[PDB]
Amino acid sequence: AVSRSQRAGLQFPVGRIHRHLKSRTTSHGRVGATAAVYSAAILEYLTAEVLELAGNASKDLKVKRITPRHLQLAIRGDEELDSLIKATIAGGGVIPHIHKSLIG
Amino acid sequence: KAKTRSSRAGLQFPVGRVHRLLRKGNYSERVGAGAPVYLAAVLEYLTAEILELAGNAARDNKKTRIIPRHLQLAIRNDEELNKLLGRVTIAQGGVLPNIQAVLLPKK
Amino acid sequence: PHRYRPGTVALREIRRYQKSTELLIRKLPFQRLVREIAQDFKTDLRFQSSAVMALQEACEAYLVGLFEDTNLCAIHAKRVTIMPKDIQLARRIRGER
Amino acid sequence: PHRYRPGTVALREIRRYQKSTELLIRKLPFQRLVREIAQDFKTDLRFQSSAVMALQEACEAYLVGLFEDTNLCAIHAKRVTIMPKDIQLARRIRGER
Amino acid sequence: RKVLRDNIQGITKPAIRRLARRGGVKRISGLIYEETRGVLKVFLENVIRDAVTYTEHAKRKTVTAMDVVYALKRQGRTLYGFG
Amino acid sequence: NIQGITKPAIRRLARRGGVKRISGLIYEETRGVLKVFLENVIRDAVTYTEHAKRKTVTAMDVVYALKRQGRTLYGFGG
Amino acid sequence: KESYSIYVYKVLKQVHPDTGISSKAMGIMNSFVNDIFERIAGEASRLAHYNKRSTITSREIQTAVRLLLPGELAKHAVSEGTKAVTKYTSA
Amino acid sequence: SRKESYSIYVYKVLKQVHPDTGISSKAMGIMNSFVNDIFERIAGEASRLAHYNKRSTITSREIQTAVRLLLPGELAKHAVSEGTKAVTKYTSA
DNA sequence: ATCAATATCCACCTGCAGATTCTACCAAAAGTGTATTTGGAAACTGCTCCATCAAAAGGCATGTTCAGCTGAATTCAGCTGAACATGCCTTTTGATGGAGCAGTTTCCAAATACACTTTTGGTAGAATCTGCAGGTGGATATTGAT
DNA sequence: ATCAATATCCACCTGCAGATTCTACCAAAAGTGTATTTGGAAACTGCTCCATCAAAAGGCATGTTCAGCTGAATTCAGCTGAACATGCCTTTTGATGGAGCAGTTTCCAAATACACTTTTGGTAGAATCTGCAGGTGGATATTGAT
Ligand SMILES: [Cl-]
Ligand SMILES: [Cl-]
Ligand SMILES: [Cl-]
Ligand SMILES: [Cl-]
Ligand SMILES: [Mn+2]
Ligand SMILES: [Mn+2]
Ligand SMILES: [Mn+2]
Ligand SMILES: [Mn+2]
Ligand SMILES: [Mn+2]
Ligand SMILES: [Mn+2]
Ligand SMILES: [Mn+2]
Ligand SMILES: [Mn+2]
């Protein structure tokens, strides 16, 4: 009582994120009181958004656990997530697409 | 008597300034004595490599003064520099003359 | 009345502009376009004149690069005429679309 | 007896491999190639088994990515059959050459 | 003051042709001139948006060449020649 | 070894990429590309290994190498 | 050896209490969070240095967010960040 | 105010390679962006290397590996030789 | 498009085992409280350089006419790549050891940070130098018509 | 093939905007002396990693046959390039107020730096359960043929 995450009403660990930011900058740089809070908040939000979309993907396949495939379905199917996350999702596969001129 | 660190390493490029910049960037907690030396040497070698080829381009166009055009001709005609700067734009550099063969009139 | 065949003068122009380095878009119209786009994002901006020139160098290099790639898409379809679909293929493959 | 037309099974396979996510190269050959290439850079190396898997994933995603652009290039040339010139165009426009 | 409108059409058909010539293009279909404008505007929108974000962050009212250079670097179109 | 990457395996990769009909010259072209890809990632990865004074290429070595090459991979430590 | 799994899992429970997450999927989420953090921290670091500052403040985090996220995502991210700091500085 | 630059060092190196040859200010602008760009790519990679290996200190060894990750083959080899040379010379006082 | 056979698919269940989840304990974070610092924000303000105005000129943009040759369409056949059933061997799989080796500690020598206190190289303009842009004219292609 | 009709060199010429030198403060490099880490070297673990071995299993290589796709060939409507007339608006050259960057100071609000005291998330064994992968039986899709 009381953790910085709790003060700010976040699940994500403000204390840790401050420590990481402090490591990026050095003892010769500085980190503001709230930069850790803000950063933590941004990370939690984007996490929730991906989990929200991937969770729908897994329910729509009637499945309890989110898997890499559901993460790929959710990401690649959402225009804003798709442009933000150009990384390769291990075990994601691709979205089914067959070009018009190739169908019988 | 004060003897310059660049001189101790046998360099033109400023070892002291490069050390200061390495600290200013907070790239890490400490900076070793040899890091700025080594880094100065690399930058100087790359500069030399580019001025050598740009200088040669200038001569081919019968000019005394290197311009961005010469710097471009020198970069793009060299395979490794072209790769090193493969996503860089050189203002007022132009392009290399290059016309695809199918576009030429068929004699 | 002498008359160059179609394509002779286009080849001459390629050689001419591939040899020079001058900006190929007129400066004042490009600057008005910068000012118009920027104003729709934020009112009452001023511009350093070098910032407008940096933008024009960038745009022109970008566009020349795109046309190089567009040209290879046309040639690939066994054409010499570049078309909107060549541009779009180039930008799709470049990851811009 | 029975025989599907050319293209029929092809489309069937596309649908099947676009549905699934299992790696499509066999692990042992792939692992063998990785170690061979690696040996030219540094002799006597071990590999975390996760490092080999990370490579195979990055590598399959890349080639699958590349076949997509390749296909767009073949379609652009009014073909349904990909050829090396299609791969070369895609790799060129991508800046890998 | 004065209203800014339609300045995209300042990017003329001959300027586009010229740019296409430097890019080694010999023949240009009629529809290219409007595709190119569209493509140009998007490119410029994106660089200016970033350039102005840098400007606002520095609490300036003036867009500096450095703002633009940083914007171009952000988008992987690194530009030499302007600081 | 590079021929360990077989015609049907290359065929499957193209299928996932939505390709219907494949010229016979593709399989060799693909192996050359695949080889250059691995050469570049592996070289960088080994450079990280060797910097760490290790003899064991780690998943993170590869992840850092992929990231360096703008082929960021998720699910192996970053 | 640190991870974000605990936190990812808590957030999973808020948005989908019925849903679980496989191990491999957790791996992706971890990569995701480390990636976005480095991107933002890095841009925020550059912003401060561009302006001859040594402090990464929440203000840099915000511009960094505006530079990195595509549109609706940025709007909402910015709102969440301000909401979190507001709550934090109230106490 | 004072605005530092690499211009006089570039100019020295130019004279060594081409005593007869000048450089326009615009070209010097480009050489300057070039040197900052490379400095930053190398310092950046070095910094990451150090952090990956839990090291607080960037030394010639980090710069070297960064050089090997950044430069394409032949330029890497020669840059390494020149850097190594300059360190061994520097450290022999 | 239907008459009929051949295989693909697609549901809806189902049972196993590889993964999950849950549950039980110990150190490095993470939080509190003092004390000490300091980076950068507020407050003039000197003073670049940005916007704006004017005005004269010609380089180019615009719009037109005309037809060369291009893109698009259509047709055809040699032949390349898909489909398949055949027959085999390489990859998968699953402990089992063995060992090489990543990953910890324990000194301390070497190296780096820090704090002053002198010294000097690099910078901002002033002062001098001089490459070449731009303008012109004949020599040398280059092209396109008979 | 010749030539006419233009385009394109290429070299010779010379004042001026722009580069190269020359000076004059100063910020920041370098020299010391002291305090502080660091991250190597040896002596050793406990993994994971390589290496067999050893089934059977799949998946690959193989050759045949032919559907249908790619290219080559041929036509032609009409798009787009070349040339031209006309004149607009960009470019060039200055000058001017004044916005607003930016260069020095000044003192807190906000930062680091300890010495604390708690607590949390990483870990290594316990306690289910999701869903893979099969097995049905039912349409479906696909292909040859009044
Ligand atoms: Cl803050
Ligand atoms: Cl060092
Ligand atoms: Cl089109
Ligand atoms: Cl081909
Ligand atoms: Mn507007
Ligand atoms: Mn070995
Ligand atoms: Mn201060
Ligand atoms: Mn044609
Ligand atoms: Mn036939
Ligand atoms: Mn001096
Ligand atoms: Mn001239
Ligand atoms: Mn199933």
Side-chain angles (χ1 to χ4, degrees), chain A residues 1-4 13-16 18-19 27 30-33 63-65 104, chain B residues 1-5 14-17 19-20 30-33 63-65 105, chain C residues 1-10 12 26-29 46-49 77-81 83, chain D residues 1-10 12 26-29 46-49 78-81, chain E residues 12-15 27-30 60-62 64, chain F residues 6-9 21-24 52 54-56 58, chain G residues 1-3 5-6 20 22-23 52-55 57, chain H residues 1-5 7-8 11 22-25 55-57 59:
Chain A
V2 58
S3 82
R4 300 226 270 148
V14 173
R16 163 174 305 183
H18 194 105
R19 193 223 317 142
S27 87
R30 316 200 311 170
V31 189
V63 127
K64 152 140 196 90
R65 297 199 220 95
Chain B
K1 192 92 170 185
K3 170 162 195 81
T4 264
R5 271 151 86 196
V15 169
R17 169 175 304 177
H19 198 146
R20 184 185 103 238
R30 326 180 109 202
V31 180
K63 270 144 198 54
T64 278
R65 231 188 285 121
Chain C
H2 196 276
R3 178 147 195 103
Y4 287 111
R5 290 171 69 201
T8 295
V9 182
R12 178 182 321 158
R26 311 177 292 164
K27 307 297 222 15
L28 178 55
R46 299 162 98 79
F47 281 82
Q48 294 192 326
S49 63
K78 304 191 275 174
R79 288 182 275 101
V80 303
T81 307
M83 291 173 176
Chain D
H2 185 270
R3 211 174 159 70
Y4 285 108
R5 313 177 87 124
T8 289
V9 176
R12 196 146 75 214
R26 313 185 79 181
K27 294 177 179 173
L28 182 43
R46 318 180 104 81
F47 276 84
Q48 288 186 337
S49 77
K78 296 169 184 170
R79 277 187 280 98
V80 293
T81 320
Chain E
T12 62
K13 169 179 156 182
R27 214 181 177 258
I28 313 187
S29 103
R60 285 183 269 99
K61 322 187 61 175
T62 307
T64 66
Chain F
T6 66
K7 160 166 183 162
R21 200 170 193 272
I22 297 161
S23 144
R54 297 190 261 96
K55 292 195 67 177
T56 310
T58 60
Chain G
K1 182 64 178 295
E2 285 170 15
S3 160
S5 303
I6 279 196
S22 89
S23 209
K52 309 170 187 172
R53 260 69 190 189
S54 44
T55 304
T57 72
Chain H
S1 152
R2 272 170 80 277
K3 337 213 192 169
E4 288 182 346
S5 157
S7 288
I8 72 172
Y11 203 88
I23 188 162
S24 78
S25 68
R55 292 238 162 168
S56 47
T57 311
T59 71

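Residue numbering restarts at 1 for every chain, and letters A, B, ... go by the order of the sequence lines.
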Item to complete: Report the residue (E:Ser29 or E:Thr64) whose heavy-atom-nearest nucleotide on DNA chain J is the more 5′ of the two.
Response: E:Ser29

Worksheet item: With respect to the side chain of C:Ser49, which nucleotide from J:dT91, J:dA67, I:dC50 is positioned closest?
Response: I:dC50

Worksheet item: Nearest to the side chain of C:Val80 - I:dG71, I:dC101, J:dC101?
Response: I:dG71

Item to complete: Please work out if the bases of strand neighbours I:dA24 and I:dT23 stack, meaning their six-membered ring centres are under 5.5 Å apart and their ring planes differ by under 30°?
Response: no

Discussion item. What's the closest nucleotide to the side chain of C:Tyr4 if the choices are J:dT6, I:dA29, J:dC49?
Written reply: J:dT6

Practice prompt. Assign each of C:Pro1 and H:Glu4 to its nearest nucleotide of DNA chain J by heavy atoms, then name whichever residue's nucleotide is nearer the 5' end.
Written response: C:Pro1

Worksheet item: Should the sugar of J:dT120 be assigned to the north (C3'-endo side) or south (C2'-endo side) class according to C1'-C2'-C3'-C4'?
Response: north

Discussion item. Please tell me if C:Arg26 has a side-chain N or O lying less than 4.0 Å from either OP1 or OP2 of J:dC89.
Written reply: no

Worksheet item: Quick one: the side chain of D:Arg3 and the base of I:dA83, do they pair up donor-acceptor inside 3.5 Å?
Response: yes

Item to complete: Identify whether any heavy atom of A:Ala33 sits under 4.0 Å from a base atom; if not, whether one sits that close to sugar-phosphate; answer base, sugar-phosphate or nothing.
Response: sugar-phosphate

Item to complete: Quick one: label B:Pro105 by what it contacts on the DNA or RNA (base, sugar-phosphate, nothing), any heavy atom closer than 4.0 Å.
Response: nothing

Fill in: Approximate separation, where rounding is to 0.5 Å, of G:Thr55 OG1 and A:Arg30 CZ
3.5 Å

Worksheet item: What about H:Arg2, does its side chain sit under 3.5 Å from the base of J:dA27 through a donor-acceptor pair?
Response: no

Fill in: Residues B:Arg17, B:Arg5; criterion side-chain contact (heavy atoms from CB on, under 4.5 Å); working and verdict
CA-CA 10 Å; B:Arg17 169 175 304 177; B:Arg5 271 151 86 196; over 6 Å; no

Worksheet item: Should we count NZ of E:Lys13 as having more than 12 external heavy atoms under 6.0 Å?
Response: no

Worksheet item: Do A:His18 and A:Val31 have side chains that get closer than 4.5 Å, going by heavy atoms?
Response: yes

Item to complete: From the options I:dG40, J:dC101, J:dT20, select the nucleotide whose nearest atom is closest to the side chain of G:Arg53.
Response: I:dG40

Worksheet, complete the sentence: Side-chain atoms of G:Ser22 come closest, of J:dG100, J:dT70, I:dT20, to I:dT20

Worksheet item: Quick one: which of I:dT120, J:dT143, I:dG40 gets closest to the side chain of D:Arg5?
Response: J:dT143

Worksheet entry | Spacing of OG belonging to G:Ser23 relative to CZ belonging to A:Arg65, to within rounding of 0.5 Å | 10.0 Å

Discussion item. Nearest 0.5 angstrom please: H:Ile23 CD1 to B:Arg65 CZ, how far?
Written reply: 11.0 Å

Discussion item. Applying side-chain hydrogen bond (donor to acceptor under 3.5 Å, both in side chains), can you list everything that pairs with G:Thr57, at least two apart in sequence or on another chain?
Written reply: G:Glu60

Worksheet, complete the sentence: Closest to the 5' end of DNA chain I, once D:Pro29 and D:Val9 are matched to their nearest nucleotides, is D:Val9

Worksheet item: Where the side chain of G:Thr57 is defined as all heavy atoms beyond and including C-beta, which of J:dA7, J:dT80, J:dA111 is the nearest nucleotide?
Response: J:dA111

Practice prompt. Give A:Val14 one of three labels, base, sugar-phosphate or nothing, depending on what nucleic acid heavy atoms sit under 4.0 Å from its own.
Written response: nothing

Worksheet item: Using Watson-Crick and G-U wobble pairs with both distances under 3.5 Å, what is the 5'-to-3' dot-bracket string of DNA chain J, with [ ] for crossing pairs and | for pairs outside the strand?
Response: ||||.|..|||.|.|.|.|.|||..||||||||||||||.|||.|..||.||.||...|.||||||||.||.|||||||||||||||||||||||||||||.||||.||||.|||..||...|.||||.|||||||..||||||..

Practice prompt. With north meaning a positive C1'-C2'-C3'-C4' (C3'-endo side) and south a negative one (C2'-endo side), sort J:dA1 into one of the two.
Written response: north

Worksheet item: Would you say a side-chain N or O of G:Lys1 is under 4.0 Å from OP1 or OP2 of J:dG122?
Response: no

Response to the item:
The correct pucker label for J:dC116, given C1'-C2'-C3'-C4' positive equals north and negative equals south, is north

Worksheet item: Between J:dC50, I:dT32, I:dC50, which one does the side chain of C:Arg46 approach most closely?
Response: I:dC50

Worksheet item: Going through the distances and angles, do E:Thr62 and C:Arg46 end up as a side chain to side chain donor-acceptor pair (under 3.5 Å)?
Response: CA-CA 4 Å; E:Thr62 307; C:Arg46 299 162 98 79; 4.8 Å; no

Discussion item. As a test of reading torsions: judging only by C1'-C2'-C3'-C4', is the sugar of I:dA19 on the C3'-endo (north) or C2'-endo (south) side?
Written reply: south

Discussion item. Can you tell me which nucleotide in J:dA61, I:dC50, I:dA102 comes closest to the side chain of F:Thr56?
Written reply: I:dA102

Discussion item. Taking I:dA124 as the reference, what is the distance to I:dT48 when you measure between their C1' atoms (whole Å, please)?
Written reply: 15 Å

Worksheet item: Which nucleotide sits closest to the side chain of B:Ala2: I:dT20, J:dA83, I:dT120?
Response: I:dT120

Discussion item. Regarding F:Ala9, tell me which of base, sugar-phosphate or nothing describes its non-hydrogen contacts under 4.0 Å with the strands shown.
Written reply: nothing

Item to complete: Could you say whether H:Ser1 or A:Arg19 is positioned toward the 5' end of DNA chain I, judged by the nucleotide with the nearest heavy atom to each?
Response: A:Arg19

Worksheet item: Contact class for H:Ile8 (heavy atom, under 4.0 Å): base, sugar-phosphate, or nothing?
Response: sugar-phosphate

